[PDB]
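Visitor: Structure incoming, see below.
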Amino acid sequence: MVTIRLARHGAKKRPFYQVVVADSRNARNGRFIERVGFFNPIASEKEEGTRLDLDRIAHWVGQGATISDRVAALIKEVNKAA
Amino acid sequence: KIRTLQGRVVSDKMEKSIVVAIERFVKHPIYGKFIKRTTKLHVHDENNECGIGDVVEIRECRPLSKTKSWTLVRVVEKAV
Amino acid sequence: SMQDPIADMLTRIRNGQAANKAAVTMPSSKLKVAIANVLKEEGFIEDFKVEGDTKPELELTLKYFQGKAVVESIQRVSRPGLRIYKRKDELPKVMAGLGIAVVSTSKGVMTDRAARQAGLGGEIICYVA
Amino acid sequence: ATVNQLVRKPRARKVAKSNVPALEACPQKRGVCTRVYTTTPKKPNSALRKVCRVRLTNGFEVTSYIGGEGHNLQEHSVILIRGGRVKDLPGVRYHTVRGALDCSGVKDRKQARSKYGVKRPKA
Amino acid sequence: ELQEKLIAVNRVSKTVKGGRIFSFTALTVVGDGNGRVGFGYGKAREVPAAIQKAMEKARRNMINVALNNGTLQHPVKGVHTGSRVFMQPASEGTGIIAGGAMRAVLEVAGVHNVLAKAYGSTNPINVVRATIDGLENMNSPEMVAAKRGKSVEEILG
Amino acid sequence: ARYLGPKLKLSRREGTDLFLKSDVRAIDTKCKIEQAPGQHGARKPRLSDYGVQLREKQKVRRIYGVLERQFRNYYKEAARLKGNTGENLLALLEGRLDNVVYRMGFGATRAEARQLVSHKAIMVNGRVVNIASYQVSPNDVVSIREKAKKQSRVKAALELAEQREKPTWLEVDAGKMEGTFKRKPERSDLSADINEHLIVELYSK
RNA sequence: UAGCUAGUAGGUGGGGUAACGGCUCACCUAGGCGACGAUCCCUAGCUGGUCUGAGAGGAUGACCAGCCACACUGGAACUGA
RNA sequence: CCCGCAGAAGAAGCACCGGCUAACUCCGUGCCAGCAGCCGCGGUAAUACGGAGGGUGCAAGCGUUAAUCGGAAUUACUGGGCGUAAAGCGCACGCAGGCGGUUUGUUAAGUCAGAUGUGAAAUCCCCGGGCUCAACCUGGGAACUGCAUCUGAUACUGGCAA
Ligand SMILES: [Mg+2]
Ligand SMILES: [Mg+2]
Ligand SMILES: [Mg+2]
Ligand SMILES: [Mg+2]
Ligand SMILES: [Mg+2]
Ligand SMILES: [Mg+2]
Ligand SMILES: [Mg+2]
Ligand SMILES: [Mg+2]
Ligand SMILES: [Mg+2]
Ligand SMILES: [Mg+2]
Ligand SMILES: [Mg+2]
Ligand SMILES: [Mg+2]
Ligand SMILES: [Mg+2]
Ligand SMILES: [Mg+2]
Ligand SMILES: [Mg+2]
Ligand SMILES: [Mg+2]
Ligand SMILES: [Mg+2]
Ligand SMILES: [Mg+2]
Ligand SMILES: [Mg+2]
Ligand SMILES: [Mg+2]
Ligand SMILES: [Mg+2]
Ligand SMILES: [Mg+2]
Ligand SMILES: [Mg+2]
Ligand SMILES: [Mg+2]
Ligand SMILES: [Mg+2]
Ligand SMILES: [Mg+2]
Ligand SMILES: [Mg+2]
Ligand SMILES: [Mg+2]
Ligand SMILES: [Mg+2]
């Protein structure tokens with residue numbers, strides 16, 4: 001099952017999630033098919049808190065990839081902000 | 001349109017098969033002098049039409065025997 | 001035996017300059033003619049001529065400036081044993097541009113500057129400074 | 001050497017030979033004092049240098065120098081062996097780590113204590 | 001006004017009936033800091049006299065070098081006996097990168113930014129000679145244009 | 001992590017005034033400036049080229065109060081940066097927050113400026129900065145905080161500040177105790193008896 | 001360490017596999033590899049990379065990541081995509 | 001993270017000082033004890049051993065050992081040699097291999113140019129961004145010098161023909 005999920009790299013107490021499309025069986029911070037944006041929970045409010053290449057996301061979703069709850073929340077929040 | 005190699009037949013004593021040597025120039029990795037290298041391939045030759053020394057055109061295909069994975073597309077020049 | 005006639009030409013130039021000869025003569029060839037042409041056009045020699053039909057002799061009239069040879073160092077780079085080819089962005093320059101490198105490209109023999117300005121690479125025949 | 005010759009028989013660098021084979025790429029090794037004695041140095045110098053033969057934990061048996069003025073070592077005293085040769089004594093290529101394991105420190109030493117395992121004087 | 005630097009002092013000896021006679025040799029280099037450099041080598045029974053002979057000799061026997069804003073025109077190789085020296089022009093900020101014998105010569109000569117290295121025998125007396133010869137044969141774009149019968153940009157541009 | 005010993009000893013070793021004292025008094029009335037420290041100071045050392053390179057590096061280091069590790073990192077960064085390596089090394093050194101505070105005159109010396117910075121007395125863009133090595137950038141506003149602006153030492157230090165030469169690249173309003181770092185200082189505006197190229201050689205030996 | 005190899009090399013046909021295939025058989029042909037180093041021995045997990053070096057290179061493969069192999073030692077199948 | 005209290009108050013060690021290599025004298029010792037990376041010290045004023053004073057270098061670290069690269073152009077492809085310093089086989093023929101006079105044509109193999117695909121992400125580098133700075137995290141890019149395919153150029157090398 002292809003899934004879109006967050007690969008947390010960040011640093012200790014300072015997470016920086018990377019939205020990646022990957023086979024759900026591979027480890028979290030491991031093999032990924034394609035990266036489609038980033039999310040930084042800590043935000044200076046003048047930086048880009050979340051960047052999403054919605055087009056590629058839609059491409060993979062149409063192909064059949066599922067979406068983690070948090071990635072769906074991010075997509076919905078950015079489309080709502082727009 | 002089709003990937004292809006060209007070589008000469010060094011031995012044909014096998015039934016329906018031939019071994020062709022593909023020679024190429026490669027710059028030596030360290031010293032630089034362009035040195036000749038040879039690759040010998042067991043090739044499928046229906047009708048055994050290839051004589052030793054002939055220059056033949058070969059293409060890759062599915063595994064046909066334990067070693068044969070190439071088929072003769074055409075003969076280029078024969079019986080030099 | 002004789003196996004690099006371009007090396008023979010370069011060495012004739014070098015030894016004639018060392019011996020303060022006014023001119024040098026060698027068996028001719030189209031490649032030798034083109035190399036002499038590029039040398040003349042870059043001003044390292046006075047002039048050149050070819051004489052004869054069946055066994056052409058090419059003659060180069062050398063040049064001196066202050067009782068000094070204008071050509072300081074002439075060395076073959078791509079010797080027959082080890083050919084040296086370079087791409088357009090890898091073409092060497094001699095003496096930081098003061099000298100000239102002779103390049104054989106798909107569009108004939110020319111200097112490194114000309115080859116770079118024409119966007120081509122080729123075989124580095126020799127260096128002259 | 002011709003390039004052709006090199007492509008036929010590539011250059012083959014000498015492998016560096018170690019000067020401390022008994023350590024087996026370890027900084028120190030433990031060992032038991034088999035005999036503790038004195039020896040005289042090369043012709044130029046003249047002294048009674050204190051050395052000990054030590055059987056290492058890896059089987060190797062080698063001789064090691066005992067630096068400093070005074071030592072309390074006997075048979076069966078386990079000591080730590082460190083790299084380092086002593087020039088005027090052929091055969092001895094190892095030092096004893098003063099202040100490590102059974103080996104004690106140098107008495108009343110004040111300068112360069114850390115090389116002889118002497119605690120900082122309480123003054 | 002010229003700046004002078006002593007590169008090396010060495011004690012030699014000659015053997016005679018009574019025994020060994022000690023003397024000294026001095027290698028010094030003088031320069032104008034603007035492209036003119038000479039080197040001298042003197043002998044005397046005492047060091048100050050040897051150094052003074054070397055200075056006097058060094059003031060003559062000096063040559064001019066066509067510097068370019070404190071750096072060399074083009075990479076240069078020099079050779080004398082077993083001392084093979086290599087020098088190349090460098091960008092600003094590099095400073096003087098060289099062994100001591102070459103360092104002194106280049107500093108007194110005025111080359112502000114140069115990368116140098118000595119190969120083979122690092123004998124100072126011959127290293128200085130090879131450096132001086134290399135710097136001497138180094139030509140300038142105007143001189144090479146004059147030789148070749150063209151202009152500067154006709155070579156540069 | 002900081003040199004705490006006697007200060008004039010360093011000036012005596014380097015043979016010049018290093019501004020390690022406030023300046024109110026002529027340094028020759030406070031020490032034998034022209035004699036090296038120690039029992040054998042009077043003897044003169046015929047010092048090698050490596051010695052002079054080391055002395056130059058030590059002079060700059062002791063001027064700015066920077067230890068070897070930090071100075072080595074500074075040299076690496078200056079070499080990485082484009083342009084004249086020595087010049088950007090000097091720019092990096094002069095861009096330190098404590099140095100900027102001293103140039104604007106809130107401290108009689110760089111050590112006093114460093115203590116001011118450390119004790120939450122200096123603001124950069126209205127933000128409390130407590131790190132000595134904070135790099136100040138062009139168009140920055142460095143100000144004394146209101147609570148620490150009533151310290152007697154800063155009002156004392158402003159007189160020494162007005163008595164020394166005024167840097168061109170800083171605009172200091174002493175009344176409000178605030179200043180603007182207009183631009184990075186060039187080589188020409190700072191003292192010309194620093195041979196940075198010696199340091200460039202020393203970190204390439 | 002100069003020679004190695006009889007399912008070895010190729011072919012017809014049958015069998016087997018998800019799939020091509022000596023994968024396995026029955027028979028026929030007598031071949032295949034090798035001085036551009038086969039075979040044999042010793043040593044070793046490979047790569048992105050890390051250290052060093054002006055660079056080419058030398059060494060190296062810990063942590064992060066991709067791949068492979070193993071799960072007390074040897075062997076075997078079953079369930080199951 | 002911010003605010004308040006107290007009080008300089010709770011907080012500096014390690015190696016070295018003959019030359020290489022920055023930093024020197026006195027006392028003790030007397031080729032003993034001892035030091036040492038190499039050269040080397042020590043037999044009666046030792047800047048080299050041990051102690052003190054002074055000094056130099058690093059710094060919450062400092063030294064010692066082990067291992068790799070460097071310096072080492074000391075496996076030299078970039079970048080070495082062989083008359084005497086180590087190094088031309090005793091000499092000749094000769095197969096495989098390496099190289100090959102000059103002109104014309106053709107080929108596009110090598111070669112060059114362009115384009116496409118690919119060269120995982122992280123790491124190195126550039127311009128920026130966020131933790132009070134830095135280490136650290138992070139955005140975009142360059143790079144990943146390669147490999148393969150296609151279309152071109154034909155001077156040089158190769159093939160073929162004369
Ligand atoms: Mg004697
Ligand atoms: Mg003379
Ligand atoms: Mg030598
Ligand atoms: Mg620290
Ligand atoms: Mg079958
Ligand atoms: Mg198979
Ligand atoms: Mg193993
Ligand atoms: Mg190197
Ligand atoms: Mg398994
Ligand atoms: Mg177990
Ligand atoms: Mg098992
Ligand atoms: Mg099943
Ligand atoms: Mg000294
Ligand atoms: Mg006594
Ligand atoms: Mg000692
Ligand atoms: Mg005495
Ligand atoms: Mg002592
Ligand atoms: Mg060691
Ligand atoms: Mg090397
Ligand atoms: Mg040699
Ligand atoms: Mg000999
Ligand atoms: Mg002979
Ligand atoms: Mg040929
Ligand atoms: Mg020809
Ligand atoms: Mg092609
Ligand atoms: Mg990558
Ligand atoms: Mg920032
Ligand atoms: Mg980033
Ligand atoms: Mg041709």
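For the structure tokens, the naming scheme is as follows: chains receive sequential letters (A, B, ...) according to their order of presentation, residues are indexed from 1 within each chain, and ligands are indexed from 1 in presentation order.
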Taking a cut-off of 10 Å and counting only C-alpha atoms (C1' of nucleotides) and all ligand atoms, can you build a table that, for each residue of chain H near ligand 29, reports the nearest atom pair and how far apart they are in Å (one decimal), sorted by chain then residue number, as a tab-separated table?
Guide:
residue	atom	partner	partner_atom_place_in_ligand_line	distance
H:105	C1'	ligand 29	1 (Mg)	9.7
H:106	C1'	ligand 29	1 (Mg)	8.9
H:107	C1'	ligand 29	1 (Mg)	8.8
H:154	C1'	ligand 29	1 (Mg)	9.8
H:156	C1'	ligand 29	1 (Mg)	8.9
H:157	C1'	ligand 29	1 (Mg)	8.1
H:158	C1'	ligand 29	1 (Mg)	7.3
H:159	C1'	ligand 29	1 (Mg)	8.2
H:160	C1'	ligand 29	1 (Mg)	9.5
Visitor: Could you please take those selected residues and save N, CA, C and O atoms (P, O5', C5', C4', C3', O3' and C1' of nucleotides) as a PDB file, in the first residue's frame?
Guide:
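Saved file part_16.pdb follows:
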ATOM      1  P     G H 105      39.550  13.035 -50.429  1.00  0.00           P
ATOM      2  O5'   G H 105      38.581  11.780 -50.580  1.00  0.00           O
ATOM      3  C5'   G H 105      37.796  11.605 -51.749  1.00  0.00           C
ATOM      4  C4'   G H 105      37.301  10.187 -51.885  1.00  0.00           C
ATOM      5  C3'   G H 105      36.372   9.690 -50.789  1.00  0.00           C
ATOM      6  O3'   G H 105      35.034  10.097 -50.998  1.00  0.00           O
ATOM      7  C1'   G H 105      38.022   8.053 -51.260  1.00  0.00           C
ATOM      8  P     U H 106      34.149  10.656 -49.780  1.00  0.00           P
ATOM      9  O5'   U H 106      33.675   9.345 -49.012  1.00  0.00           O
ATOM     10  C5'   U H 106      32.825   8.393 -49.634  1.00  0.00           C
ATOM     11  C4'   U H 106      32.856   7.073 -48.906  1.00  0.00           C
ATOM     12  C3'   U H 106      32.499   7.128 -47.428  1.00  0.00           C
ATOM     13  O3'   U H 106      31.099   7.050 -47.224  1.00  0.00           O
ATOM     14  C1'   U H 106      34.489   5.866 -47.735  1.00  0.00           C
ATOM     15  P     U H 107      30.428   7.593 -45.869  1.00  0.00           P
ATOM     16  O5'   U H 107      30.873   6.541 -44.759  1.00  0.00           O
ATOM     17  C5'   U H 107      30.372   5.211 -44.750  1.00  0.00           C
ATOM     18  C4'   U H 107      30.973   4.432 -43.608  1.00  0.00           C
ATOM     19  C3'   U H 107      30.881   5.117 -42.255  1.00  0.00           C
ATOM     20  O3'   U H 107      29.676   4.776 -41.599  1.00  0.00           O
ATOM     21  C1'   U H 107      33.106   4.358 -42.635  1.00  0.00           C
ATOM     22  P     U H 154      31.917  17.680 -41.691  1.00  0.00           P
ATOM     23  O5'   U H 154      33.202  16.827 -41.298  1.00  0.00           O
ATOM     24  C5'   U H 154      34.378  17.465 -40.817  1.00  0.00           C
ATOM     25  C4'   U H 154      35.459  16.468 -40.478  1.00  0.00           C
ATOM     26  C3'   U H 154      35.916  15.580 -41.633  1.00  0.00           C
ATOM     27  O3'   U H 154      37.304  15.295 -41.484  1.00  0.00           O
ATOM     28  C1'   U H 154      35.073  14.232 -39.890  1.00  0.00           C
ATOM     29  P     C H 156      43.678  14.459 -40.846  1.00  0.00           P
ATOM     30  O5'   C H 156      43.862  13.989 -39.340  1.00  0.00           O
ATOM     31  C5'   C H 156      44.930  14.479 -38.546  1.00  0.00           C
ATOM     32  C4'   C H 156      44.999  13.738 -37.239  1.00  0.00           C
ATOM     33  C3'   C H 156      44.961  12.224 -37.352  1.00  0.00           C
ATOM     34  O3'   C H 156      46.233  11.665 -37.619  1.00  0.00           O
ATOM     35  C1'   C H 156      43.399  12.929 -35.732  1.00  0.00           C
ATOM     36  P     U H 157      46.353  10.278 -38.412  1.00  0.00           P
ATOM     37  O5'   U H 157      45.833   9.197 -37.365  1.00  0.00           O
ATOM     38  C5'   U H 157      46.555   8.944 -36.172  1.00  0.00           C
ATOM     39  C4'   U H 157      45.836   7.965 -35.278  1.00  0.00           C
ATOM     40  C3'   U H 157      45.290   6.720 -35.950  1.00  0.00           C
ATOM     41  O3'   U H 157      46.269   5.739 -36.237  1.00  0.00           O
ATOM     42  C1'   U H 157      43.644   7.608 -34.533  1.00  0.00           C
ATOM     43  P     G H 158      46.159   4.894 -37.593  1.00  0.00           P
ATOM     44  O5'   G H 158      44.890   3.960 -37.362  1.00  0.00           O
ATOM     45  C5'   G H 158      44.858   3.051 -36.273  1.00  0.00           C
ATOM     46  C4'   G H 158      43.510   2.393 -36.113  1.00  0.00           C
ATOM     47  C3'   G H 158      42.949   1.679 -37.328  1.00  0.00           C
ATOM     48  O3'   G H 158      43.549   0.417 -37.550  1.00  0.00           O
ATOM     49  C1'   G H 158      41.242   2.943 -36.297  1.00  0.00           C
ATOM     50  P     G H 159      43.782  -0.109 -39.049  1.00  0.00           P
ATOM     51  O5'   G H 159      42.321  -0.509 -39.543  1.00  0.00           O
ATOM     52  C5'   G H 159      41.550  -1.467 -38.835  1.00  0.00           C
ATOM     53  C4'   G H 159      40.192  -1.653 -39.459  1.00  0.00           C
ATOM     54  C3'   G H 159      40.178  -1.861 -40.963  1.00  0.00           C
ATOM     55  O3'   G H 159      40.476  -3.194 -41.329  1.00  0.00           O
ATOM     56  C1'   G H 159      38.529  -0.277 -40.367  1.00  0.00           C
ATOM     57  P     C H 160      41.413  -3.492 -42.595  1.00  0.00           P
ATOM     58  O5'   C H 160      40.478  -3.169 -43.838  1.00  0.00           O
ATOM     59  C5'   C H 160      39.224  -3.816 -43.988  1.00  0.00           C
ATOM     60  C4'   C H 160      38.415  -3.173 -45.083  1.00  0.00           C
ATOM     61  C3'   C H 160      39.167  -2.897 -46.371  1.00  0.00           C
ATOM     62  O3'   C H 160      39.296  -4.040 -47.193  1.00  0.00           O
ATOM     63  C1'   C H 160      37.936  -0.985 -45.762  1.00  0.00           C
TER      64        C H 160
END
Visitor: Could you list, with a cut-off of 9 Å and counting only C-alpha atoms (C1' of nucleotides) and all ligand atoms, the residues of chain G near ligand 12, each shown with its nearest atom pair and the distance in Å rounded to one decimal, rows sorted by chain and ascending number, as a Markdown table?
Guide:
| residue | atom | partner | partner_atom_place_in_ligand_line | distance |
| --- | --- | --- | --- | --- |
| G:78 | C1' | ligand 12 | 1 (Mg) | 8.4 |
| G:79 | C1' | ligand 12 | 1 (Mg) | 6.8 |
| G:80 | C1' | ligand 12 | 1 (Mg) | 5.6 |
Visitor: Taking only C-alpha atoms into account, what are the residues of chain E at most 6 Å from chain F, put as an MDAnalysis selection string?
Guide: chainID E and resid 92:93 95
Visitor: Let me see if you get this right: every residue at most 10 Å from ligand 9, counting only C-alpha atoms (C1' of nucleotides) and all ligand atoms, written as a list in words.
Guide: residues 69, 70 and 71 of chain G
Visitor: Can you tell me how far atom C1' of residue 54 of chain H sits from atom CA of residue 20 of chain F, in Å to one decimal?
Guide: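 Answer for the atom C1' of residue 54 of chain H to atom CA of residue 20 of chain F separation: 22.6 Å.
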Visitor: Report as number ranges by chain which protein, DNA and RNA residues come within 9 Å of ligand 27, using only C-alpha atoms (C1' of nucleotides) and all ligand atoms.
Guide: H: 129-131, 133
Visitor: For the residues selected in the previous step, produce a file with N, CA, C and O atoms (P, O5', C5', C4', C3', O3' and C1' of nucleotides) as a PDB file, in the first residue's frame.
Guide:
ATOM      1  P     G H 129      18.902  35.276   5.965  1.00  0.00           P
ATOM      2  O5'   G H 129      17.847  34.174   6.413  1.00  0.00           O
ATOM      3  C5'   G H 129      16.494  34.251   5.996  1.00  0.00           C
ATOM      4  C4'   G H 129      15.700  33.076   6.503  1.00  0.00           C
ATOM      5  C3'   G H 129      15.801  32.805   7.992  1.00  0.00           C
ATOM      6  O3'   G H 129      14.958  33.639   8.763  1.00  0.00           O
ATOM      7  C1'   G H 129      16.082  30.786   6.813  1.00  0.00           C
ATOM      8  P     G H 130      15.375  34.032  10.259  1.00  0.00           P
ATOM      9  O5'   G H 130      15.148  32.688  11.086  1.00  0.00           O
ATOM     10  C5'   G H 130      13.852  32.128  11.229  1.00  0.00           C
ATOM     11  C4'   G H 130      13.866  30.955  12.176  1.00  0.00           C
ATOM     12  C3'   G H 130      14.570  31.194  13.501  1.00  0.00           C
ATOM     13  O3'   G H 130      13.728  31.830  14.444  1.00  0.00           O
ATOM     14  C1'   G H 130      15.298  29.142  12.569  1.00  0.00           C
ATOM     15  P     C H 131      14.327  32.397  15.820  1.00  0.00           P
ATOM     16  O5'   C H 131      14.613  31.092  16.681  1.00  0.00           O
ATOM     17  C5'   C H 131      15.657  31.059  17.640  1.00  0.00           C
ATOM     18  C4'   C H 131      15.826  29.679  18.218  1.00  0.00           C
ATOM     19  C3'   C H 131      16.860  29.537  19.318  1.00  0.00           C
ATOM     20  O3'   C H 131      16.388  29.968  20.582  1.00  0.00           O
ATOM     21  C1'   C H 131      17.138  27.794  17.760  1.00  0.00           C
ATOM     22  P     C H 133      20.199  32.531  17.712  1.00  0.00           P
ATOM     23  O5'   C H 133      21.763  32.804  17.793  1.00  0.00           O
ATOM     24  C5'   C H 133      22.347  33.909  17.123  1.00  0.00           C
ATOM     25  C4'   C H 133      23.850  33.863  17.207  1.00  0.00           C
ATOM     26  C3'   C H 133      24.501  32.601  16.662  1.00  0.00           C
ATOM     27  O3'   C H 133      24.710  32.669  15.261  1.00  0.00           O
ATOM     28  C1'   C H 133      25.396  33.108  18.798  1.00  0.00           C
TER      29        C H 133
END
Visitor: Within 9 Å of chain H, which residues of chain A are there when counting only C-alpha atoms (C1' of nucleotides)? Please give them as a ChimeraX atom specification.
Guide: /A:9-11,14-16,30-33,43-44,47
Visitor: Enumerate as an NGL selection string the residues belonging to chain B that approach chain D to within 10 Å, with only C-alpha atoms taken into account.
Guide: :B and (28-33 or 35)
Visitor: Using only C-alpha atoms (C1' of nucleotides) and all ligand atoms, find each protein or nucleic acid residue lying at most 10 Å from ligand 5; present the set as a list in words.
Guide: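 Written in the requested form, the residues are residues 64 and 65 of chain B; 11, 12, 13, 14, 15, 21 and 22 of chain G.
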Visitor: With 12 Å as the limit and counting only C-alpha atoms (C1' of nucleotides), what residues in chain H lie close to chain E? Please list them as a list in words.
Guide: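 Taking only C-alpha atoms (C1' of nucleotides) into account, residues 71, 72, 73, 74, 76, 79 and 80 of chain H sit within 12 Å of chain E.
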Visitor: How would the residues just picked look written out with N, CA and C atoms (P, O5', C5', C4', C3', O3' and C1' of nucleotides) as a PDB file, in the first residue's frame?
Guide:
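Listed below is the output, selection32.pdb:
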ATOM      1  P     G H  71      52.615  14.433   0.398  1.00  0.00           P
ATOM      2  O5'   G H  71      53.855  15.119   1.119  1.00  0.00           O
ATOM      3  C5'   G H  71      53.851  16.513   1.400  1.00  0.00           C
ATOM      4  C4'   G H  71      54.754  16.852   2.562  1.00  0.00           C
ATOM      5  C3'   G H  71      56.163  16.288   2.504  1.00  0.00           C
ATOM      6  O3'   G H  71      57.018  17.081   1.701  1.00  0.00           O
ATOM      7  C1'   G H  71      55.247  15.956   4.666  1.00  0.00           C
ATOM      8  P     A H  72      58.161  16.407   0.799  1.00  0.00           P
ATOM      9  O5'   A H  72      57.667  14.911   0.584  1.00  0.00           O
ATOM     10  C5'   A H  72      58.405  14.022  -0.246  1.00  0.00           C
ATOM     11  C4'   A H  72      57.643  12.757  -0.554  1.00  0.00           C
ATOM     12  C3'   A H  72      56.125  12.847  -0.413  1.00  0.00           C
ATOM     13  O3'   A H  72      55.518  11.997  -1.383  1.00  0.00           O
ATOM     14  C1'   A H  72      56.937  11.153   0.993  1.00  0.00           C
ATOM     15  P     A H  73      54.892  12.603  -2.732  1.00  0.00           P
ATOM     16  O5'   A H  73      56.127  12.666  -3.733  1.00  0.00           O
ATOM     17  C5'   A H  73      56.929  11.514  -3.962  1.00  0.00           C
ATOM     18  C4'   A H  73      58.149  11.829  -4.789  1.00  0.00           C
ATOM     19  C3'   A H  73      59.150  12.776  -4.137  1.00  0.00           C
ATOM     20  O3'   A H  73      60.476  12.386  -4.485  1.00  0.00           O
ATOM     21  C1'   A H  73      58.396  13.701  -6.180  1.00  0.00           C
ATOM     22  P     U H  74      61.451  11.783  -3.360  1.00  0.00           P
ATOM     23  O5'   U H  74      60.727  10.443  -2.898  1.00  0.00           O
ATOM     24  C5'   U H  74      60.554   9.364  -3.811  1.00  0.00           C
ATOM     25  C4'   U H  74      60.066   8.110  -3.131  1.00  0.00           C
ATOM     26  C3'   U H  74      58.629   8.152  -2.609  1.00  0.00           C
ATOM     27  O3'   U H  74      58.030   6.868  -2.779  1.00  0.00           O
ATOM     28  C1'   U H  74      60.102   7.668  -0.834  1.00  0.00           C
ATOM     29  P     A H  76      52.832   6.371  -7.436  1.00  0.00           P
ATOM     30  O5'   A H  76      53.803   7.588  -7.748  1.00  0.00           O
ATOM     31  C5'   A H  76      53.388   8.632  -8.632  1.00  0.00           C
ATOM     32  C4'   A H  76      54.532   9.057  -9.509  1.00  0.00           C
ATOM     33  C3'   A H  76      55.088   7.993 -10.437  1.00  0.00           C
ATOM     34  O3'   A H  76      54.290   8.113 -11.589  1.00  0.00           O
ATOM     35  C1'   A H  76      56.803   9.401  -9.538  1.00  0.00           C
ATOM     36  P     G H  79      53.364  16.910 -13.749  1.00  0.00           P
ATOM     37  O5'   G H  79      54.332  15.660 -13.586  1.00  0.00           O
ATOM     38  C5'   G H  79      55.710  15.833 -13.283  1.00  0.00           C
ATOM     39  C4'   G H  79      56.270  14.651 -12.533  1.00  0.00           C
ATOM     40  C3'   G H  79      55.857  13.282 -13.068  1.00  0.00           C
ATOM     41  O3'   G H  79      56.918  12.355 -12.846  1.00  0.00           O
ATOM     42  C1'   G H  79      55.137  13.499 -10.837  1.00  0.00           C
ATOM     43  P     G H  80      58.047  12.146 -13.971  1.00  0.00           P
ATOM     44  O5'   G H  80      59.335  11.719 -13.141  1.00  0.00           O
ATOM     45  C5'   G H  80      59.743  12.438 -11.968  1.00  0.00           C
ATOM     46  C4'   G H  80      60.853  11.693 -11.269  1.00  0.00           C
ATOM     47  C3'   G H  80      61.958  11.174 -12.167  1.00  0.00           C
ATOM     48  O3'   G H  80      62.900  12.190 -12.445  1.00  0.00           O
ATOM     49  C1'   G H  80      61.369   9.532 -10.566  1.00  0.00           C
TER      50        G H  80
END
Visitor: Check every protein, DNA and RNA residue against ligand 22, keep those with an atom at most 8 Å away (counting only C-alpha atoms (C1' of nucleotides) and all ligand atoms), and present them as number ranges by chain.
Guide: H: 88, 90-91
Visitor: Between atom CA of residue 157 of chain E and atom CA of residue 75 of chain C, what is the distance, to one decimal in Å?
Guide: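 Between atom CA of residue 157 of chain E and atom CA of residue 75 of chain C the gap is 24.2 Å.
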